[PDB]
Amino acid sequence: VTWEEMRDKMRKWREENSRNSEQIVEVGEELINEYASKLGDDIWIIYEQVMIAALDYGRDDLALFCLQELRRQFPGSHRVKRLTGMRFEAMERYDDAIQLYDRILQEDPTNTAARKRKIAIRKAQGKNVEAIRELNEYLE
Amino acid sequence: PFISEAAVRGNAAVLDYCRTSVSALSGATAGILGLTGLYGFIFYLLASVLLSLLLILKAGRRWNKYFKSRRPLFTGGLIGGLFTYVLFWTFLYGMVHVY
Amino acid sequence: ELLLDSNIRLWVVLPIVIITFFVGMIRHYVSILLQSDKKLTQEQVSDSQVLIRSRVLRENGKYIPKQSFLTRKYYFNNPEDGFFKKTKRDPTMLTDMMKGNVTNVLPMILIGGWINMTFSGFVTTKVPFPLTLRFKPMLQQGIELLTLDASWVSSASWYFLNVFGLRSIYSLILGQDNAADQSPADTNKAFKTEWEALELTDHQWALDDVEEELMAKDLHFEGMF
Amino acid sequence: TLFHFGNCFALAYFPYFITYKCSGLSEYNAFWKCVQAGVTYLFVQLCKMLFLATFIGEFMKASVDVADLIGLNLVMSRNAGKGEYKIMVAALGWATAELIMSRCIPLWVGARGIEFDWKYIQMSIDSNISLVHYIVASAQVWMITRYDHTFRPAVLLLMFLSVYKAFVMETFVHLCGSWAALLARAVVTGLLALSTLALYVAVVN
Amino acid sequence: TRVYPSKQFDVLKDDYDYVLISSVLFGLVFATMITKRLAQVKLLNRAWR
Amino acid sequence: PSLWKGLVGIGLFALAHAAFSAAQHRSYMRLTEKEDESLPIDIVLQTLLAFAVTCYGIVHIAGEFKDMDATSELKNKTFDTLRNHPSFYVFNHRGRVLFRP
């Protein structure tokens with residue numbers, strides 16, 4: 001049980017879209033707590049998953065840590081911006097997330113992440129019909 | 001059936017890597033041995049076919065799922081190998097036989 | 001043979017090899033550093049993706065029943081549907097692209113010239129095969145000999161051979177398809193040619209005989225554990 | 001003495017052919033497997049020569065034995081199938097390599113001429129017993145593999161220690177006739193053969 | 001004395017720039033390291049945007 | 001196995017020693033100036049053996065081949081994974097409420 005082994009497991013668990021939030025969040029926490037410096041920037045993508053799992057797992061305590069680290073590392077980043085939007089959506093904060101996604105779109109119009117996250121918000125809100133319409137328009 | 005580009009590209013890459021390595025090593029050996037002229041060139045060819053067999057050994061049986069035919073086994077990147085072979089031949093024959 | 005100076009090896013042979021190797025790495029790294037993606041608007045990527053979908057459909061609509069395929073055909077290239085019909089629309093970029101294309105070989109030739117000046121007048125190595133005499137003026141640049149064997153080479157051609165023999169090594173260590181070596185714009189015409197091609201295409205539902213070709217052999221089941 | 005060369009060849013290779021045809025070669029078409037085993041054996045021989053150059057007789061013999069055992073283990077892991085059959089695909093490849101090695105080339109250069117030394121027929125006999133020696137080696141390899149229990153590690157260590165028995169017997173004979181020495185080697189090799197088959201009937205469970 | 005009818009073609013020149021060749025070598029190895037780091041940083045930034 | 005890697009190193013090392021020998025033998029000629037023009041058999045045999053073993057190690061080192069049929073790695077891909085759609089994640093499920101918020 002070496003950090004390379006759990007690192008490979010996390011890489012595989014990311015390669016195939018799994019949703020075992022508990023296991024992946026535990027492994028990511030162990031890697032970023034015990035073996036954070038054992039490898040380089042390869043944990044940074046992990047710092048994404050770790051928070052998403054957290055948002056799936058409900059353990060929001062380390063979500064702020066991961067978000068702050070990523071933001072302090074990557075200022076003005078669309079990826080971190082979408083990630084903050086998901087952080088907002090974790091507590092059903094939809095207006096601020098929508099505003100952030102709109103800002104991303106006006107900053108970059110070819111971005112697809114903002115559209116996907118906003119339609120995810122719409123479908124979380126139960127507006128299935130408008131979500132279908134939004135996906136049809138986005139695919140157009 | 002359904003060929004996958006990534007797998008075939010990886011197979012081509014590993015074959016090319018092996019060919020380049022073997023050609024460089026054969027050039028080094030020919031420079032070591034002090035082979036000069038055509039006799040050197042022939043040596044390269046020998047190494048190549050040996051590698052194919054070795055590649056054949058690595059692939060071994062049931063290689064049909066790795067490649068459509070044995071052809072890339074034989075003529076895969078021969079000129080690229082030849083360039084490095086001649087380079088290492090001159091290099092080693094210079095730092096062994098010239099001095 | 002010739003009792004060549006040992007110091008010619010320690011200061012004219014190896015440094016050339018090191019220079020070539022690290023210049024290739026430098027050139028590749030500068031190439032990746034310089035490359036910046038041009039901004040693309042929604043329309044261009046949209047039409048590119050649309051023609052991508054059309055072409056992949058043309059390629060493998062065989063795994064789709066006939067009615068779905070001909071409905072695809074109607075949607076893409078047919079007056080009534082409207083699609084493929086109502087779908088159309090010293091400069092800095094030329095100088096930049098010309099400089100980028102030039103910087104793949106010209107730095108190598110300039111380095112060769114600089115080496116030729118810097119290392120003029122030597123005999124670096126003896127080529128182990130009998131080259132022709134007519135190649136003498138360029139292999140032995142900087143040498144005043146007349147009866148010297150053509151197999152003896154000056155610094156410039158040795159560097160050229162080094163730079164010729166290191167591309168495979170670059171691909172080996174740097175990564176596959178490295179950039180250290182020596183070697184749609186219009187949618188309307190693309191729309192029309194896609195129109196014509198998919199008009200010319202036919203349909204062959206590959207599922208018309210899957211059952212009969214499946215019934216012949218039993219299903220693989222080992223390795224269930 | 002070409003016909004003597006013929007007789008010696010009939011003595012040496014034919015039992016190998018017999019084992020090939022009596023071990024179910026068609027089960028896997030071991031020609032490729034035998035070739036892979038032979039390539040590995042040649043590599044192990046190269047490694048042993050390099051090691052001997054790097055590194056009195058016991059050290060070289062131990063290195064050669066270790067290389068051969070490692071090669072056999074790698075070859076065995078290279079293929080999957082019947083335990084008796086992996087035993088065969090390993091032993092037959094290595095034995096063919098040994099015959100093809102410096103126990104066939106002297107038979108060619110020597111013999112076939114005018115001279116008659118019993119050395120060639122003796123070498124053929126020893127090569128034939130080498131068949132059972134490599135059988136023993138393959139049995140040891142399979143015992144190392146095939147799970148772990150019932151004092152198996154002690155027996156495996158004893159079998160590993162018994163390897164390089166040829167060098168030990170050669171040293172004893174050097175300290176101590178040619179036909180007598182060959183007979184002694186035959187009997188000790190047979191004793192190891194019976195020990196290995198006893199281990200096999202013990203392990204079948 | 002010694003005479004070089006062919007201008008001493010097979011001997012290193014007395015005016016070799018050791019302090020230039022060594023300088024360029026050891027100021028170019030560091031350049032290679034730096035540009036590799038730069039390429040890595042730019043690739044990471046482009047990946048993350 | 002990983003030991004394969006170690007092997008290739010020694011091969012080069014073996015070759016390296018050969019080089020030294022060759023150089024020395026060349027010096028031999030450069031100090032004997034006789035009509036030998038032949039390398040010792042021992043050294044050339046050593047060189048050939050080093051070449052062979054190093055190539056053999058490389059053969060292991062090259063890696064493992066990959067099958068061309070695209071339906072190879074997708075056989076074990078169950079439908080419970082492909083449906084996740086990581087971009088379109090929704091956080092209005094029972095996971096948050098059931099677990100510690």
# chains A, B, ... in the order shown; residues from 1 in each chain; ligands from 1

$ interface_residues --of "chain E" --to "chain C" --cutoff "10 Å" --atoms "only C-alpha atoms" --output "PyMOL selection string"
chain E and resi 5-13+16-18+21-22+24-25+28-29+31-43+46

$ residues_around --residues "segment 24-30 of chain B" --least-positions-apart "3" --cutoff "10 Å" --atoms "only C-alpha atoms" --output "PyMOL selection string"
(chain B and resi 18-21+33-36+39-41+43-48+81-93) or (chain C and resi 128+165+168-169) or (chain F and resi 12+15+19+44+47-48+50-51+54-55)

$ select_by_dssp --residues "chain A" --states "helix (DSSP H, G or I)" --output "PyMOL selection string"
chain A and resi 3-15+21-34+42-57+61-73+78-89+94-107+113-124+128-139

$ interface_residues --of "chain D" --to "chain F" --cutoff "8 Å" --atoms "only C-alpha atoms" --output "NGL selection string"
:D and (43 or 46-47 or 50)

$ write_last_selection --atoms "N, CA, C and O atoms" --output "short mmCIF file (atom, residue, chain, number, x, y, z; two decimals), in the first residue's frame"
data_model
loop_
_atom_site.label_atom_id
_atom_site.label_comp_id
_atom_site.auth_asym_id
_atom_site.auth_seq_id
_atom_site.Cartn_x
_atom_site.Cartn_y
_atom_site.Cartn_z
N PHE D 43 20.14 -16.91 -23.69
CA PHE D 43 20.34 -15.69 -22.94
C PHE D 43 20.95 -16.00 -21.57
O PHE D 43 21.82 -15.27 -21.10
N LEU D 46 24.52 -16.72 -21.97
CA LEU D 46 25.25 -15.47 -22.16
C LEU D 46 25.44 -14.76 -20.83
O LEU D 46 26.53 -14.25 -20.53
N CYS D 47 24.40 -14.75 -20.01
CA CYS D 47 24.47 -14.11 -18.71
C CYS D 47 25.49 -14.82 -17.83
O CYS D 47 26.24 -14.17 -17.09
N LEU D 50 28.97 -13.86 -18.95
CA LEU D 50 29.27 -12.50 -18.51
C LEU D 50 29.55 -12.46 -17.02
O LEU D 50 30.47 -11.77 -16.57
#

$ interface_residues --of "chain C" --to "chain A" --cutoff "8 Å" --atoms "only C-alpha atoms" --output "PyMOL selection string"
chain C and resi 40-42+46

$ atom_distance --atom1 "atom CA of residue 23 of chain D" --atom2 "atom CA of residue 93 of chain D"
12.8 Å

$ atom_distance --atom1 "atom CA of residue 50 of chain B" --atom2 "atom CA of residue 65 of chain B"
22.2 Å

$ atom_distance --atom1 "atom CA of residue 112 of chain D" --atom2 "atom CA of residue 9 of chain D"
11.1 Å

$ closest_residue --among "D:1, D:171, D:127, D:140" --to "residue 100 of chain D" --atoms "only C-alpha atoms"
D:127

$ interface_residues --of "chain E" --to "chain A" --cutoff "10 Å" --atoms "only C-alpha atoms" --output "list in words"
residues 44, 45, 47, 48 and 49 of chain E

$ write_last_selection --atoms "N, CA, C and O atoms" --output "PDB file, in the first residue's frame"
ATOM      1  N   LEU E  44       0.832  22.990 -18.374  1.00  0.00           N
ATOM      2  CA  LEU E  44      -0.077  22.869 -17.242  1.00  0.00           C
ATOM      3  C   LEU E  44      -1.104  23.992 -17.244  1.00  0.00           C
ATOM      4  O   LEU E  44      -2.298  23.757 -17.016  1.00  0.00           O
ATOM      5  N   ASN E  45      -0.657  25.222 -17.507  1.00  0.00           N
ATOM      6  CA  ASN E  45      -1.578  26.351 -17.511  1.00  0.00           C
ATOM      7  C   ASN E  45      -2.605  26.215 -18.625  1.00  0.00           C
ATOM      8  O   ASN E  45      -3.797  26.466 -18.418  1.00  0.00           O
ATOM      9  N   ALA E  47      -3.595  23.429 -19.984  1.00  0.00           N
ATOM     10  CA  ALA E  47      -4.476  22.335 -19.598  1.00  0.00           C
ATOM     11  C   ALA E  47      -5.539  22.803 -18.620  1.00  0.00           C
ATOM     12  O   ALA E  47      -6.710  22.424 -18.731  1.00  0.00           O
ATOM     13  N   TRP E  48      -5.151  23.624 -17.654  1.00  0.00           N
ATOM     14  CA  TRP E  48      -6.096  24.063 -16.642  1.00  0.00           C
ATOM     15  C   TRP E  48      -6.859  25.308 -17.058  1.00  0.00           C
ATOM     16  O   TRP E  48      -8.008  25.486 -16.639  1.00  0.00           O
ATOM     17  N   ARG E  49      -6.242  26.170 -17.863  1.00  0.00           N
ATOM     18  CA  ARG E  49      -6.852  27.422 -18.307  1.00  0.00           C
ATOM     19  C   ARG E  49      -7.294  28.289 -17.134  1.00  0.00           C
ATOM     20  O   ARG E  49      -8.486  28.382 -16.843  1.00  0.00           O
TER      21      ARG E  49
END

$ closest_residue --among "F:3, F:58, F:68, F:82" --to "residue 12 of chain B" --atoms "only C-alpha atoms"
F:68

$ residues_around --residues "residue 22 of chain F" --least-positions-apart "6" --cutoff "9 Å" --atoms "only C-alpha atoms" --output "list in words"
residues 32, 33, 96 and 97 of chain B; 39, 40, 43 and 44 of chain F

$ write_last_selection --atoms "C-alpha atoms" --output "PDB file, in the first residue's frame"
ATOM      1  CA  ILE B  32      33.462  -0.986 -32.129  1.00  0.00           C
ATOM      2  CA  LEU B  33      34.363  -3.832 -34.472  1.00  0.00           C
ATOM      3  CA  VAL B  96      37.717   3.656 -31.161  1.00  0.00           C
ATOM      4  CA  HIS B  97      39.654   3.207 -34.379  1.00  0.00           C
TER       5      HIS B  97
ATOM      6  CA  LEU F  39      40.906  -7.618 -32.669  1.00  0.00           C
ATOM      7  CA  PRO F  40      41.385 -10.315 -30.012  1.00  0.00           C
ATOM      8  CA  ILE F  43      37.127  -9.028 -26.682  1.00  0.00           C
ATOM      9  CA  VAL F  44      34.995  -9.387 -29.811  1.00  0.00           C
TER      10      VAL F  44
END

$ residues_around --residues "residue 76 of chain B" --least-positions-apart "3" --cutoff "8 Å" --atoms "only C-alpha atoms" --output "short mmCIF file (atom, residue, chain, number, x, y, z; two decimals) with C-alpha atoms, in the first residue's frame"
data_model
loop_
_atom_site.label_atom_id
_atom_site.label_comp_id
_atom_site.auth_asym_id
_atom_site.auth_seq_id
_atom_site.Cartn_x
_atom_site.Cartn_y
_atom_site.Cartn_z
CA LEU B 15 8.07 -1.23 -32.68
CA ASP B 16 9.67 2.04 -33.79
CA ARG B 19 13.96 -0.46 -34.13
CA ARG B 71 5.03 -6.89 -42.74
CA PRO B 72 5.63 -4.02 -40.24
CA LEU B 73 7.74 -6.57 -38.40
#

$ closest_residue --among "F:70, F:31, F:45, F:18" --to "chain B" --atoms "only C-alpha atoms"
F:70

$ residues_around --residues "residue 86 of chain D" --least-positions-apart "5" --cutoff "12 Å" --atoms "only C-alpha atoms" --output "PyMOL selection string"
chain D and resi 23-25+27-28+30+33-34+37+72-81+91-93+135+138-139+141-142+145-146
